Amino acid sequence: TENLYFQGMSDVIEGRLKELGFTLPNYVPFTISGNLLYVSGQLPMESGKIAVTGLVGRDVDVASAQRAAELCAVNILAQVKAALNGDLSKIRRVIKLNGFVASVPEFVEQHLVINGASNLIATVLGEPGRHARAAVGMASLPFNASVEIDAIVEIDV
């Protein structure tokens, strides 16, 4: 019964993500300590490729970087689902996102870029999706990703 409830809750979360246009795809993607889930920096992977590359303010505009952040967030959710054995309803609260945005020094709208991730997360999870955050401008990122985002998530354990 209550496992059907949690299955249902997970279905609703993943369905809301599909309504936004996304399906879920020596260091590890995540670790757990107590009831905190540490997710490694995720890149904007889509179909096994970095979807958005280069510097925001040079190679990529805010709208494209927002999609990058959305993809990072989708990849975070993918890892959380795997961490929780298929059940995104075992998320109690997204505690923190760290949003790293590859930026030229004149680009100062990293907060708008990371809004791509924050809005998607809050939209699919509701109130438990609302999180603390940092949004910062980086010189560059692995594989020339435009955005990398890590997460700390409080989970039902």
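For every residue, the number given is its place in the sequence shown, counted from 1.
Per the record, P142 and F143 follow each other directly, and no deposited residue is missing between them. Stretch comparison (109 to 117 versus 26 to 34) by mean CA B-factor in the PDB entry places 26 to 34 on top. On average the C-alpha atoms of 47 to 55 have higher B-factors than those of the other stretch, with 95 to 103 and 47 to 55 being the two compared. Per the deposited coordinates, the residue with the largest Cα temperature factor out of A69, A63, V39, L88 is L88. For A151, the recorded CA B-factor ranks within the lowest third of the chain. Only modelled residues enter the ranking.
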